[PDB]
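To start, the structure itself, in structure tokens.
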Amino acid sequence: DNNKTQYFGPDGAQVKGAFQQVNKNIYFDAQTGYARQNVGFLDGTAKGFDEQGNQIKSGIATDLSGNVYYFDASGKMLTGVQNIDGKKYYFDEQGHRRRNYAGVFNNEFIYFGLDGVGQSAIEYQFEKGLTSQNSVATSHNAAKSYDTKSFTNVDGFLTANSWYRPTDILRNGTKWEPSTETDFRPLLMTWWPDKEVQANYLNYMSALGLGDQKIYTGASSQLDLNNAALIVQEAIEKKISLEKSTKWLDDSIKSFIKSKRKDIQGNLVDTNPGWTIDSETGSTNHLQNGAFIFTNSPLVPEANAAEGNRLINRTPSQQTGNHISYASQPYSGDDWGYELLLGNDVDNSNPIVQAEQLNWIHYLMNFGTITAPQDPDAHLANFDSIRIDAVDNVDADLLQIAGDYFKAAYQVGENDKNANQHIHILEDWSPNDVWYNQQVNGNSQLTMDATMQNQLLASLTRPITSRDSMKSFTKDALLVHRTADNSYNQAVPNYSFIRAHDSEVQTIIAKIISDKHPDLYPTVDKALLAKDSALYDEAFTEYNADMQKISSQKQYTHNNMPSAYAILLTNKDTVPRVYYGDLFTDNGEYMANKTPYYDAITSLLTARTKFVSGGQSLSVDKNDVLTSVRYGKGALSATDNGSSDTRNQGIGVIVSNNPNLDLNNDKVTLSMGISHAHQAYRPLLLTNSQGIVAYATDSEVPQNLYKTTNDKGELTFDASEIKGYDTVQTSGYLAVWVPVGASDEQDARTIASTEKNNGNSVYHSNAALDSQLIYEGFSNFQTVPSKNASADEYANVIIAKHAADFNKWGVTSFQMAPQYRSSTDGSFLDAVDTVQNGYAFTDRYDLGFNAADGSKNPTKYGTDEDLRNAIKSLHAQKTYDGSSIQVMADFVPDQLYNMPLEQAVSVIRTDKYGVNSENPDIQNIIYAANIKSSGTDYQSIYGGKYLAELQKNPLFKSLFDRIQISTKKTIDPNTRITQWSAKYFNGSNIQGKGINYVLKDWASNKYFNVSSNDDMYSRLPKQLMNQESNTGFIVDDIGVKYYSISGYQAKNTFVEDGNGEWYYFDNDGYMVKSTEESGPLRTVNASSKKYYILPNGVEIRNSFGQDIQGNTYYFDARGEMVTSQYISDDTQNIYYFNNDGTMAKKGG
Ligand SMILES: [Ca+2]
């Protein structure tokens, strides 16, 4: 080649990766053919060779790993200390040149740095000298007073955004005037926590025209930095006089703190890492990429919780303190819960909180009467039931608290009739929760059947590649066996569904976002943090397009949706839940656009009302065609002769999921009952190439389609009728047949019994309960009515109009969205301003009240008025048993978002389970968390308001006396929660304020605090109170002392100097420096932790060190000696360090 020389064997082979001669030991690289420089150990140990070939004499030579050898003339390597070009270098006994290595060599203490270059460990490495922080101006800039008055503060603490009142204002930069009350200025104008930040602040403000055209750094002198700040101050004050405002300064101070910068490498780094998320590192396993747990500390007395509160992870499975599987042989008993989900996690193991949760439930259940007392119909605008949200992320005690309430208020334990008038539901995703619910929790709330959901998806909704057999519907792991469901009051009461506002929607969108912009959002979990409205609009045009496509070309969305809904709505022993987004489009105006499936599904829904009743049986023939039969009311098997009600009731369903179904000579059979022999049947739903046909009466059917049962009550189908299809709505075949001659009076539903029941379950899976149906009446991605939206865009108005629609569909429980005024801060999907769905809120009692000026100010769904009217219209609708349509409140006890006020709290960095991510610098440190509510919100009005009232009631005695499982204590209604505070929270997601956002003197190592004059906090910087103040290192006949920028002395702390070396200062206020009498290896603080301190005082880090005896130790990033441990080196070298701390010796 050219500029490359390569060699091949006396053979086909290239000879990559080994040494070979020609006429000179040329190494050739294992990947590149190319001849490289290398060091060969063959023959005499340690020979060295260059690219051209031939031995290296008297020169440096570098290894494939990166090891640097030095040879003498004659080719032998050198070891020990060597002077190469008037520079000392250390070579170990392996001949490697080494960096970050300290030791006494030939009676000289040397430290070889990152270079490899020796420094004298005798010579001081810091600037000798102090620098006064007293100026002509310090008298004027000193604080007006040293207490809460004169500082903006978080519980007494100061942050980087603290503003203060100085004694004088340099007014229009020309005249020192006494300061008025409103003359506050940002602390960062006159004080900084070290020189580096000071330097950066100066460059930044100068970049806004308020500064010097000169670049500064931490390397720059202290006195220059101070003088330059004064020039900036003149500029600031003139601008303030010009603008008649300081808001501009607040803006530019805030943006400085989060400013980014170039680096040496050339990338964007944070200018102030300790004031941003960058410094908040730990585990990523939390939806928002980090979490804190709040933990008590003496420094922060009012953020501290009581003893034995903050019990994390009391999921139904672990309510006791330990996992308990309630599941039996076929079923799973896993728990996938975890305490810290999103936002600020409410502590529901605190009994005062638990009472506040009860209060809230009472409020919702009486929302109408409470909010509109003057209105004589207030009593008709009350909620009826609740949906418990995020059950696996809150203390399970709450399930019992609620169960107790509804027994107390509505006597739901008495009979089916009362129970079924208030139908609650759990968001209980863990498998174990089904059985916990049954054994521990009565069935006070309805479990979800997840086995049904997952099977409907696997067997029908998947593409053909991934799709399960229909035979799976007759499997054993299913919660409710329906192969021969011929009884009542056996099945575990449950609600079953296919999609929901979150499940099987938001993840399909996030996948699309990710498959278009992997650059920005590489995973689906990450994509849920997407906040740009552009990204959703884009994704949705795709999603909507995909839904219109044929089944074989559905790249993103669910196949066979009407086939699935047909099984779900005809199934026995379940309360079905319909998702809004399967009738209507998940995006756009509320109820404005229908899906491809609206016809099919709304047919089924009314049909259910007329025919679906009696016993059930599932089958799947050799061809894998599912045939589900309902025998009609009064008949529980195929061999049952039934009641008078049987003849004209009882549906039958046929489903295949094979698009190339060819029956050939085979036959499909719907075995209706012997109660249905010699009987004419007609289709409700059928599949063409064009789509699905829906016949809505007998008279819409053509006579040839009619078909009559034989003497056994069977229907038989040919290949002429049933083949494979591939439409938008069906891969495989779908058919629904109903008996001919039904009347308009005919209703298949059953009235609830008023008899007392045996056992502990509130609900019982029987005919009456199966007469119920839930409609999830919202979507995440419903468009958000713009500021000046017309009154009829708001979903709660549209609900009221269409009230009868839902009654016609058989709806008995209308599950509304959460109605709580949403955050718009984009911290998570639910809080982005384009989908303020109502799961992200600050004020749990605010369901859309008018503003203070009395202007209508609604939620996404409408005003409080509009909500009250939605509930009245639904209540005004009456179902088959004469009772109203129930309205369901989404009960969201897990968290709060986006709280207005900061509080000081003690934090530990953790993951979502609460497990300490063990970052050293985040161990019970002080954080300014947005964790306190306004105290003027509706929480402050209604919080705990009804608890005194409720205690006095006899009916609630059980509730209040009940011993809760996890707390082992009873609920505590005696304290009211009107302001949320940190003490009522388990923890929070990481808020990116930065570790060092709360300000602190580094010499004393105490926090500043202006609300206290206790000795656990440091007094204000000495200059900010017009006292003498100096900073720097000062050498003395005794030793070395150090004063911080604030003027205090270093005692019992480590101290980093000029982004370089670390040092330690003892109890006497003196630097620690090893002497000849007392060597370098030293405990310093009664911690069992050993450091390596040079005679400079330099405490070495990421570096090896030596005894005078000859042993080697390694000291980690924190400077601590390493024990019982392997250490990998830069050049891929390995060293083992014994429990001893000493290195294990090598020699080869
Ligand atoms: Ca929680």
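Quickly run through segment 1102-1121 and pick out the residues that are in contact with a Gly (Cβ under 8 Å, 6 or more places away or on another chain) and crowded, with 18+ Cβ neighbours inside 10 Å. Talk me through it step by step, then tell me what you get.
First, the residues of segment 1102-1121 that are in contact with a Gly (Cβ under 8 Å, 6 or more places away or on another chain): 1105-1108, 1112-1115, 1121.
The answer is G1105, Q1106, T1112, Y1113, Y1114, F1115, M1121.
In the set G86, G118, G113, which member is buried (at least 17 other Cβ atoms within 10 Å of the Cβ) and either assigned by CATH to the domain that holds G44 or in contact with an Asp or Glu (Cβ under 9 Å, 6 or more places away or on another chain) (or both)? Please lay out each step first, then the result.
On the way: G86 fails: buried (at least 17 other Cβ atoms within 10 Å of the Cβ); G113 fails: buried (at least 17 other Cβ atoms within 10 Å of the Cβ).
Criteria check complete, one pass: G118.
A Cβ distance below 7 Å, combined with a sequence gap of six or more or placement on separate chains, defines the contacts here; from segment 858-877, residues that are on the phi > 0 side of the Ramachandran plot reach residues that are in a loop (DSSP other than H, G, I, E, B) in the pairs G862/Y794; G862/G848.
Regarding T639, is this residue in contact with a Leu (Cβ under 8 Å, 6 or more places away or on another chain) and either farther than 22 Å from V620 by Cα or in the same structural domain as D726 (by CATH) (or both)? When the stated conditions are applied, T639 does not pass them.
List the helices (runs of 4 or more DSSP H) inside segment 481-557, counting only whole elements, that have at least 1 residues being closer than 30 Å to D573 by Cβ and out of contact with any helix residue (DSSP H, G or I) (no Cβ under 6 Å at 6 or more places or on another chain). Steps first, please.
Details: elements: 506-516, 524-527, 533-548.
Filter on segment 481-557 gives 506-516.
Somewhere in segment 342-358, is a residue farther than 30 Å from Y845 by Cα and either of a type in the set (S, T, Y) or in contact with a helix residue (DSSP H, G or I) (Cβ under 6 Å, 6 or more places away or on another chain) (or both)? Checked segment 342-358: no residue is farther than 30 Å from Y845 by Cα and either of a type in the set (S, T, Y) or in contact with a helix residue (DSSP H, G or I) (Cβ under 6 Å, 6 or more places away or on another chain) (or both).
Considered as a group, the residues in segment 738-774 that are of a type in the set (S, T, N, Q) and within 30 Å of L715 (Cα to Cα) include one that is surrounded by the fewest Cβ atoms within 10 Å (Cβ to Cβ), and that residue is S743.
Residues of segment 433-446 being part of a helix (DSSP H, G or I) and under 28 Å from the mean Cα position of the chain (by Cα), which ones? Within segment 433-446, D433, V434, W435, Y436, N437 meet the criteria.
For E234, indicate whether it is in a helix (DSSP H, G or I) and of a type outside the set (K, R).
Numbers: in a helix (DSSP H, G or I): yes; of a type outside the set (K, R): yes.
The answer is yes for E234.
Of all the listed residues (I908, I971), the sole one being under 30 Å from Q421 (Cβ atoms), away from the ligand (no atom under 16 Å from the Cβ) and among the β-branched types (V, I, T) is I971. Checked against the criterion of being assigned to a loop (DSSP other than H, G, I, E, B), surrounded by fewer than 19 Cβ atoms within 10 Å (Cβ to Cβ) and out of contact with any helix residue (DSSP H, G or I) (no Cβ under 9 Å at 6 or more places or on another chain), the candidates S1074, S1012 yield just one match: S1012.
Please determine, by comparing only the residues of segment 326-376 that are surrounded by fewer than 17 Cβ atoms within 10 Å (Cβ to Cβ) and among the acidic types (D, E), which one is farthest from the ligand (Cβ to nearest atom). My answer is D375. Can you work out which of the residues in segment 729-767 that are among the aliphatic types (A, V, I, L, M), out of contact with any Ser or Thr (no Cβ under 7 Å at 6 or more places or on another chain) and in a loop (DSSP other than H, G, I, E, B) is farthest from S689 (Cα to Cα)? Among those residues, the one meeting the criterion is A752. Tell me yes or no: at least one residue of segment 673-683 is among the charged types (D, E, K, R) and more than 44 Å from the chain's Cα centre (by Cα). Taking every residue of segment 673-683 in turn, at least one turns out to be among the charged types (D, E, K, R) and more than 44 Å from the chain's Cα centre (by Cα). Can you confirm whether segment 292-310 contains a residue that is within 30 Å of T507 (Cα to Cα), away from the ligand (no atom under 16 Å from the Cβ) and in a loop (DSSP other than H, G, I, E, B)? Checked segment 292-310: no residue is within 30 Å of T507 (Cα to Cα), away from the ligand (no atom under 16 Å from the Cβ) and in a loop (DSSP other than H, G, I, E, B). Here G1147 clears all of (1) surrounded by 13 or more Cβ atoms within 10 Å (Cβ to Cβ); (2) at positive phi except the condition numbered (1).
Give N227, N134, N200 a once-over and let me know the one that is part of a helix (DSSP H, G or I), of a type outside the set (F, W, Y) and surrounded by fewer than 19 Cβ atoms within 10 Å (Cβ to Cβ).
Going through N227, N134, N200 in turn, the sole match is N227.
For segment 723-761, the tally of residues that are touching a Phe, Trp or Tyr at 6+ places or on another chain (Cβ under 9 Å) and either charged (D, E, K, R) or under 30 Å from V440 (Cβ atoms) (or both) stands at 4.
When every residue of segment 1029-1043 is checked against the conditions, none turns out to be of a type in the set (K, R), surrounded by 21 or more Cβ atoms within 10 Å (Cβ to Cβ) and more than 21 Å from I110 (Cβ to Cβ). Pairs meeting the criteria (first residue in segment 322-348 and not assigned by CATH to the domain that holds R844 and of a type in the set (S, T, Y), second residue part of a loop (DSSP other than H, G, I, E, B) and within 16 Å of the ligand (Cβ to nearest atom), beta carbons under 8 Å, at least 6 apart or on different chains) are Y338/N313; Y338/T315; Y338/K912; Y338/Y913; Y338/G914.
Scanning segment 608-638 for residues that are under 46 Å from the mean Cα position of the chain (by Cα) and either of a type in the set (F, W, Y) or part of a loop (DSSP other than H, G, I, E, B) (or both) yields a total of 9.
When we count neighbours, we look across all protein chains shown, and the Cβ atoms used for this are built from the backbone with ideal geometry, even at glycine. The values are calculated or read from the model by the stated rules, or taken from the named source; these are not laboratory values.
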